[PDB]
Structure formats: C-alpha cells, structure tokens
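Read top to bottom, the protein sequences are chains A, B, C and D.
Count the first sequence with the entry's author numbering and you get residues 3 to 39, 73 to 120, 131 to 202, 211 to 243, 262 to 338, 340 to 473, in order.
Count the second sequence with the entry's author numbering and you get residues 3 to 52, 70 to 121, 129 to 202, 209 to 244, 262 to 425, 440 to 467, in order.
Count the third sequence with the entry's author numbering and you get residues 474 to 529, 573, in order.
Count the fourth sequence with the entry's author numbering and you get residues 543 to 681, 687 to 704, in order.
What follows is a set of notes on a single structure, which appears directly below.
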Amino acid sequence: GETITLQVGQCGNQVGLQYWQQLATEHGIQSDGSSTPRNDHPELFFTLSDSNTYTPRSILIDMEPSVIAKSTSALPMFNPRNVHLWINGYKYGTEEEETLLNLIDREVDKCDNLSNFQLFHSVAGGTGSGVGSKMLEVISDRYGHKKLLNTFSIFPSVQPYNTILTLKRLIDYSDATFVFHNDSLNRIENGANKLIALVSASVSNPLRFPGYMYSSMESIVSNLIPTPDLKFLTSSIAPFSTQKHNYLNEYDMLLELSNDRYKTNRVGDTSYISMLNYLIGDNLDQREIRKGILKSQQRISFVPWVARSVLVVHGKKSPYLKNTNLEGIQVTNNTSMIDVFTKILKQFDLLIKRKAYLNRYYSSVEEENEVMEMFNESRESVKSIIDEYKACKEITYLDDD
Amino acid sequence: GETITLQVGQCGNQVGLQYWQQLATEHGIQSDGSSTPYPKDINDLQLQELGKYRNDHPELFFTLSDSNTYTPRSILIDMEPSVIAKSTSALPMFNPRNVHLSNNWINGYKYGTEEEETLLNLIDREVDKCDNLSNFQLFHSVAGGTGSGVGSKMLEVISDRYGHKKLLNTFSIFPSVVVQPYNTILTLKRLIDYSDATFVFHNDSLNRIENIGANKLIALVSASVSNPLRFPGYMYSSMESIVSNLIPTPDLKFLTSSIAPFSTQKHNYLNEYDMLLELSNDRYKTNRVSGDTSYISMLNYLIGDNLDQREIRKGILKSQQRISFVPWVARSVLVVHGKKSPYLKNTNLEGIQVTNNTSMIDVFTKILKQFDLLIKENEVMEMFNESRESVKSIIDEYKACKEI
Amino acid sequence: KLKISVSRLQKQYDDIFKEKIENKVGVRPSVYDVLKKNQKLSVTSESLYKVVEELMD
Amino acid sequence: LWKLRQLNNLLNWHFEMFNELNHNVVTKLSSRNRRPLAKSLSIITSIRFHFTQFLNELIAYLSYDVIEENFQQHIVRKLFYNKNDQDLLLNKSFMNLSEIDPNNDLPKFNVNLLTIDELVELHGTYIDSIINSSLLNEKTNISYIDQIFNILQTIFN
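What follows is the structure, encoded as structure tokens:
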C-alpha cells in the first residue's frame, strides 16, 4: 500500500530533503519530476501523473517560510499546495486543526490504498515539536487505528520540559517509533542528516524493490513489536562501505553489524527483544548468510520469553546505482531504552523541582493547575513505559504471581 | 435552439466581455468576426504510411452572416458609456445597433418603464434573427444601481411579452452602503417571480477562491455551463434539459456552482478520479456553504480528450457515498463528458460542478437580517413588505425541504 | 469453498495481473505481454492436501 | 434508443409547460385556494424530476459503458492497435534473412491488413456485442428489457 510522509519543523524538513533526494536518486527521478530510462514501484511514495511526472507525497509543515523555501527550491518537484505555514505551538495547532485535517484528507483521497503514515520530526524542536504533537493526535483521532504511524523522531543531544511533553504524545499515539540521537550520529561520523535519511530510505527497501518476501510494512513492523507498549526501535548502520577495505563478505556484515559503537543511540549490557537485518546487494551468497545467521543467533542475548529468531531480508540494489558494493542496515528492539528514558526523567525532575523557566508557561492559577496536571500525566506515562521495559528483562514477565 | 445573452450594468458588461472573448477563443472566431478553418478531428483516425465543414455548433450563440462573419447574439444595456466603449474596442465584432445607452433602484425602474418601448423593439429585433428560440441569458448584478433596476424591468418585460413560453436563466452576482440591501431585496423579489433558474454568485466567496480577476471566474463558469450545447454529445445538448435535471420544483430554483481552480498550474489534477473527488470540496464553491448542507441535485462537468471511463465510474461510486443527499431525493450523481475545443492548445482537463443545495437558507437569512436592520409615496414601502414576504416564502420552503 | 461466488475471484485477479496498455501496429509485443493474457486462475475441487496425497468446507 | 430519448425530451416539454403555467395561473390565483394548488403542482413537478433523473442515468450508462466501450474495444483496438498473436511473438530475424520482398515500393499502412471475411466478421462482432450486451440480452423469470419497458410505460402513463 501507499505511504504518506509528514515533515514537521526545521530539523524534520532538512532530514526530509535529504531523504527525498536519496529516494529520487534511487528511483532515477529527476529534480523536476521527469523519469529517466519498470520493475520497481515508486508509486508507493510518488504520485504519477498522466503526463509522466513524479511528485512526492510528503506534506511540509513549519513555523517559518525560510526552511520551506530552501527545501522547495532545492527540489522543484514538491507540490506547493501541500506547504503549510511548546504549549503556545500546540495551542496554535488547535486553531489550524481544520486546515490541516483537510490538507491530510486530500493526500489520503489522492492515494488508492493507504498503508501507513511516516513522520519526520524532532522531539527537541520547540514550537514545531508542539505542532507535530498535535498532528499525531488529530491523525490518530480521525483515521482510527486501522492505519499505523511511523515516527522517525530525533531525540535531544528548558529542553527537558519539551522532551517530556512531546514524549507523552509520542508514547500515546505512535505505532512504531524510531529513536535517533545526534550524539551517536556525530560519533559515527567521527551532514548528520545523511545517516538518518539513509536509514529511513533503506528501511522501506523491500517495498519499493519487491522480492520474494516482506512485501508490506505490516510484515516489517510486526516482526519487531511484540507488545504495543514496547514500540521504540534502535537502528544500527554499518559505516564501512565504499572504501577499499570494505567488509569482504556479507557474513562479516552480519557479525560486525551488531557492534554497539555503530548504534544510533547511546548505550552497557542490553537484551534484544527482536531483530531484523537488511542486506542490499546485486548478488548475495546464501551459504554465507546461513552461517552468519547461525552465529548471530548463538551470540546475541535475547530476552527469555521471545522466540529468539533473527530475520535477514535480501534487499535488491537499485538499477540506477552502478555496481556499488554491498551495504546493510540493522534495526533492533533493545531494552537499552531504559537508560535514555531514565536520563530524560532525571533531567526533568532536576529542572521541575527548581522553578527555573516555568514562568514562560504558567500564566495564571488555572494555567498553573493545567500545566501541573499535564506534567504529572506525562511523567507518570514515562515511568510506566520504563517499568514495562524493566519488567520485560526479568524471567517472571509472563507469570501472574 | 438559440440563446440570447443580455448584459445589464457595469459588472454585467465587465463579465460579458470576457464571457464572449472566452467563447470566441474556444470556437476560433477572431475579434474581427472572421472564422478560422476547422482543424482535423483527433479521434477520427486515418490510414497512414509509416473548408466550411465543422462538427461543432458555434452558431447557437453567434449569428452567421452571409459573408462568413460571426456576430454574438448579445444586447448591452447600461447608462455609463465608458464600459461599453471598452467592450466594443476589445471586441469590434459586437453589433453597434445592439448597444443601448441612456443609484436608487426606484429611479432605474421608472427609467426602464418610461423607455420600455425602445428596449422592447431591440429585444424583438434580436429575436427575429433567431429561429426556434430556446432561452434567454441575463448577466447582471443584484445590487449596484443601474443593473438592479434595469435588469428587473427587463426581466418583467421579457417574462410577460412572450407569455413565459421560453425559460429564462439568470447569472446574478450578489454584492459582497445604505442603499445596497434595499436593492438586493427588491431585485430578488423579481428573481423569485420571473426567473426560471438563477446561478447565485457571491463576490466574497469569489475573492476567497481568487486569492488561492473576480469576473474571470464568473465568465469561465458561465462559458463552461453551456459546453454540451456548443459541442453536442450523447446527453443533454439542450439548455432546458440541463436545468430540468436540477430543479425539482419551481420554488427550489436557485442553483450554485463550484469551480476547480487549477486548470493551468503544472501541479494539475492527476486524472478524472482525483478531480471528481476534489470538486465536492467546499473551499472552491462560489457560495459559502456550511457542514449542515444537503444536496438536492448533482451535476459534474468534465472537459478533456478521451476521458478514462474506469476512473469516472470509480469516482462517481466513491463520491456518491460522501455526498449527503436530501432524504426524499434518490442518491444520484451525474457526470457530463464534455468535449474540449480542438482550437485550445491546453490539454489539461477542466471541470465545473453545478449544485442545488440547501445552503441558500443562510445566504437569504443574511440578506433578510440586513434588510430588517436597515428598514428600522407609501407605495414603495408596500413593495418592500411584499419583497420581505416573498423572500420568506422560499426561506421556509428551503427549510421544509429537509423533511419527508 | 462453496459459500462464495467463484466467478468473482477470476475478475479480481485479472484486474491485478493481466492489466494492459495497447501498442501501435508494427510495434513488437514483449513475451511477457503475450503470456500475461494466457494465464487463468480458477478454483478447483482438489484441495492441496488431497492432490499432494495422490503423488505421495 | 429512440424510445428512450423520446421520453427524455417529453419530460423536458412537461417541465417547461408546467413551469410556465406556474407563473401564468397559480401565482396569480386567489390566495384562498392558491396553497393546495401550489402543493399539488410541486408534487407533480417533483415526480417529473425523479423520472428525469432515472432516464438520464440509464442513458448515461448505455452510452458511456456499452456503445463507447464496445466501439473503442472492438473497432479502434482491432484496426489500429496491434493484434498481438502467438505467431507475431516469433522474431524470425534469428535467421539471416538479408533479403526483402516483394519490394520497398509496397507501403506499410499503419492499420492491420484484414481479409474481406475478416472485415465482415469484425463489424458483425462489434454490432453483436452491443445488441447482445448483459442488459440487452433476452435472458423472476423475466428479462431486464421487459422491466425497463414496463418502467417506460409507467412514464408514458
């Protein structure tokens, strides 16, 4: 089925520009939307006119026109009709609810069979994070739960308040949320949006370049989310490619994809809940992959109550990329989320006991009570998810004792 | 049949000039009246190695002279000569004989009454050139001065001089000053009494569409309504047949039109299926319509070469469920497969939707409220009372339309 | 098997698989083009677990 | 089709005559009995509107799903588009076949070369498809045509 991309905020718009440039390069679509000389299926991400032009399905949302202007000028094939221009931002989103609801309904009507909503946004984006938090609520309300949502939220490197307020709605409404940290991205680079764009583009490779299996997003996601509570994913990318000293075999890709240094978020000891590895090359040797799967299963520490299966998808490289060597992406579901969530909660508590900057949000007695109850609910939800991820680790998870 | 166009008032003349230039462009008739040779048909395939003949009906509007020169069937009525001078200069094809030259509605109405014989002679002269006349088209503004009074008097004169044996449309433009509400109600009284089908255009909603001039949109809608007549197809091809499909009773005669704006921007509609869904949007209707509206009749125009039947069928099926039909009217959506003029180079589709919904309750309510506020020889006050009662006579009727 | 109309599956399969756009005279058809229209999907009375047992609702 | 369009136009004449009568008589009548007559006239005109909608939908279906589809599928697509067949699949140029015959003077004609019997059969099938369509076939143990004609008789009455 078709997918709709939502871009919110300055960071979201920049990441989306890199993402769409990568996708258009992979499908050979020119900057003006004209084709270049089919077995691939860009229709899932591009709308095809009866004049042979490809335009992205994405929707651009931002508080200021400079970022949107740069993005549109860089890629002229964006449709201008889809362009629209913390608590203050969220209340502003309430005012524009009708316009945005109709704007999204236009894209849904334009496609034939909708599958999922992609969202590119930054949790630490301030006002834009507020408008994206409202976007999740309105979409989930109007379209129910038949269509799932995927959020490629960028985590932060007064900010604690914003991170908690955005994470409350991220937990409530998102169906499968990727976690990216600028710290680990710049550590890997030792710009940064080119890693996120690459990971997001590769995550959907089996859909755009069909093969024997994994033809739908339901199959890709369902392998990684045993419970709707544990919805945060850790993504790992192998950087050593296109150099002379590349990984010599896909088997070494499978073994060295699990290194903790390549993960896109700060990690000690972790337990894996689910696994799925992407291998993308013109030709793939099966016996190497079998040996690598066996070693990966014998090496990785799974939680007791999970089936303990490692899945390797055999992605196909784009014809428009000339004979490049193998590359691969790893997406995992770990219990390492407790560390980052604990860090966020510690910062939030430290800055909530001290009334440092709450004057910018508490306007009156009723506003004080409103913000206090909202903050308490967000804190309780985050603690609930931490406790759930902690109870997953132990062996008595399925016991009623 | 034949159609006679009458333009009254400055706004009416401004709209009519572009309406006639649009028609002349579609039919390949130059501004001097000279005709252009007809290009070969596109779907009339022919074997291949590897002048007066036509298949349209332009003469339904233009009088074809013995010297192969076309001339519109238009009559221009107003008092200020500047607009008429501009219109004639832009289009020399207009017949000078057809031009007639001379704020309070009463003054204009009395002027029309005193000089009714000359205008009537002009109408009869235009009719005498027509064999098997079909209908009259009126372009006038409900409020604005000359247009209101003169158009109302011409409405009455034409209605009673021919025994109402031919239907009479009305492309009225509603206003977006102390005298304006009086003029609006006074003209709407005669619109109720005499007009057979009224196309309500609201200037504020036209400005809302534009910012995404205002007369160009009116000209486009008016010149696209009659597309089946000028390019005959399987269905309709008669002005009475199109109107009769949207007017269930004489009272529910007020129609409103929706326009798809993006006929030229390179991000135009992908296909017919997309445009069928986009036409129902309330942001491009020419009359402000709320969410409590209900539709009495549906009619969609499609203008393009070799439209895909699968897309149209699927679009009709999807759009039928979305539309909220009045309980006592069967769910029916009709699509007109118009033919694009071969003279036009643009290959993009255009589509105009004409609807008969119940949103008129709010519009006439606003007009009535403004009139009531402003009210707070004696003959004129009796006419005001009569107009108030006549307007209420269809206010309550459109309200009752909701009920089985 | 019997509680559903068989003839509908044929059509709902042809809309997916054997869709077509025609080509002008003299333009060579592709072999895929020729074999697309040949295929037919039909419901049969021999279930998989029964038909495979021979070659051992 | 002539019967259908005859009824479609008769409804238009009905609409015009009743609409004119509304302005000429009913609206000028005494206020005492104007209301009942207005109600009856509105009922009559609404019934006419229902019949017009039904006839228009029937005509639209026939015209743009039977006649037009059959024409584009059986005439245009048989004459001008390639009649791809299993013998046209074979590319004989794997043989050397340097020679060409009879001569370059013989045109290639943008249309499939049809035999006389082929032309007769082509036009016969094109007509047969329309006349023997799903709705127009002779197959409550009654055919669709009989029901349609019964509704047409209702409109005549």
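Built from N, CA and C at the ideal position, the CB exists for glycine as well.
Residue i burial status per 10 Å Cβ neighbour count (16 or more: buried)
i, result
"B:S237", "buried"
"A:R359", "exposed"
"A:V10", "buried"
"B:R222", "buried"
"B:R279", "buried"
"B:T196", "buried"
"C:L482", "exposed"
"D:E558", "buried"
"A:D341", "exposed"
"D:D659", "exposed"
"B:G70", "exposed"
"A:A169", "buried"
"D:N645", "exposed"
"A:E399", "buried"
"residue 2 of chain A", "This structure leaves residue 2 of chain A out entirely; chain A is present only between 3 and 473."
"D:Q694", "exposed"
"A:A272", "buried"
Contacts that residue i makes with chain B (C-beta to C-beta distance below 7 Å)
i, result
"A:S84", "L319"
"D:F591", "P297"
"D:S588", "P297, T298"
Range of the contiguous beta strand (DSSP E) that encloses residue i
i, result
"A:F303", "303-308"
"A:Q402", "399-406"
"B:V10", "4-10"
"B:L194", "193-196"
"A:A263", "Where A:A263 is concerned, there is no enclosing beta strand (DSSP E), given that its DSSP letter is neither H nor E."
"A:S346", "344-352"
"A:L164", "159-165"
"A:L181", "Counting along the chain, A:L181 falls outside any beta strand (DSSP E), though it belongs to the alpha helix (DSSP H) covering 172-188."
Cross-chain neighbours of residue i in chain A, by beta carbon under 7 Å
i, result
"B:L326", "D154"
"B:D323", "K155"
Residue interval of the alpha helix (DSSP H) (run including residue i)
i, result
"B:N133", "131-140"
"A:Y392", "Here A:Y392 belongs to no alpha helix (DSSP H), and DSSP marks it neither H nor E."
"A:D323", "321-327"
"D:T701", "691-703"
"C:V525", "521-527"
"D:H665", "658-673"
"A:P100", "100-109"
"B:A463", "442-463"
Beta-carbon neighbours of residue i, restricted to chain C and to distances below 9 Å
i, result
"D:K545", "The premise fails here: D:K545 is roughly 32 Å from chain C at the closest Cβ pair, so nothing lies under 9 Å."
Partners in chain D for residue i, counting only beta-carbon separations shorter than 9 Å
i, result
"C:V504", "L631"
Beta-carbon neighbours of residue i, restricted to chain B and to distances below 8 Å
i, result
"A:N114", "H316"
Under 8 Å by beta carbon: chain D residues contacting residue i
i, result
"B:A463", "What B:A463 touches in chain D: nothing, since even the nearest Cβ is about 11 Å away."
>> For the pair the stretch 583-596 of chain D and the stretch 313-329 of chain B, tell me if three or more CB-CB distances fall below 8 Å.
In response: no
>> Which residues of the stretch 478-500 of chain C have a Cβ closer than 8 Å to any Cβ of chain D? Give them in chain order.
In response: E495, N496, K497, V498, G499, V500
> Are the stretch 263-274 of chain B and the stretch 507-514 of chain C touching by the rule of at least three beta carbon pairs closer than 8 Å?
Replying inline: no
> Looking at chain B, which residues of the stretch 619-635 of chain D have a Cβ within less than 7 Å of any of its Cβ atoms?
Replying inline: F622
> What are the residues of the stretch 269-288 of chain B that lie near chain D, defined by any Cβ-Cβ distance shorter than 9 Å?
Replying inline: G282, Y283, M284, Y285, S287
>> Three or more C-beta pairs under 8 Å: does that hold for the stretch 223-232 of chain A against the stretch 186-194 of chain A?
In response: yes
> Residues in the stretch 636-658 of chain D with C-beta within 8 Å of chain C's C-beta atoms, listed in sequence order?
Replying inline: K650, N652, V653, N654
> Okay, do the stretch 377-384 of chain A and the stretch 407-415 of chain A touch, 3+ Cβ pairs below 8 Å being the bar?
Replying inline: no
> Taking one C-beta from the stretch 73-92 of chain B and one from the stretch 23-41 of chain B each time, how about it: are there three or more such pairs within less than 8 Å?
Replying inline: yes
>> Between the stretch 626-633 of chain D and the stretch 497-512 of chain C, can you find at least three pairs of beta-carbon atoms closer than 8 Å?
In response: yes
> Going along the stretch 594-623 of chain D in order, which residues come within less than 9 Å of chain B, judged by CB to CB distance?
Replying inline: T594, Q595, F596, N598, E599, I601, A602, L604, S605, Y606, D607, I609, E610, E611, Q614, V618, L621, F622
>> Taking 8 Å as the cut-off, does the stretch 396-405 of chain B touch the stretch 347-354 of chain B (at least 3 CB pairs, one atom from each stretch)?
In response: yes
>> For the stretch 554-567 of chain D, list every residue whose C-beta sits within 7 Å of some C-beta in chain B, in sequence order.
In response: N554, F557, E558, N561, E562, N564, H565, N566
> Can you list, in chain order, the residues of the stretch 502-526 of chain C whose Cβ is nearer than 8 Å to any Cβ on chain D?
Replying inline: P502, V504, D506, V507
>> Using a Cβ distance threshold of 8 Å, determine whether the stretch 302-319 of chain B contacts the stretch 563-570 of chain D, with at least three qualifying pairs required.
In response: no
> For the stretch 25-52 of chain B, which residues have a beta carbon sitting closer than 8 Å to at least one beta carbon of chain F?
Replying inline: In summary, chain F is missing from the structure at hand, where the protein chains are A, B, C and D.
> Of the residues that make up the stretch 218-236 of chain B, which ones have a beta carbon closer than 8 Å to any beta carbon in chain D?
Replying inline: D225, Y226, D228
>> Three Cβ pairs or more, each shorter than 8 Å: is that satisfied between the stretch 415-422 of chain A and the stretch 309-323 of chain A?
In response: no
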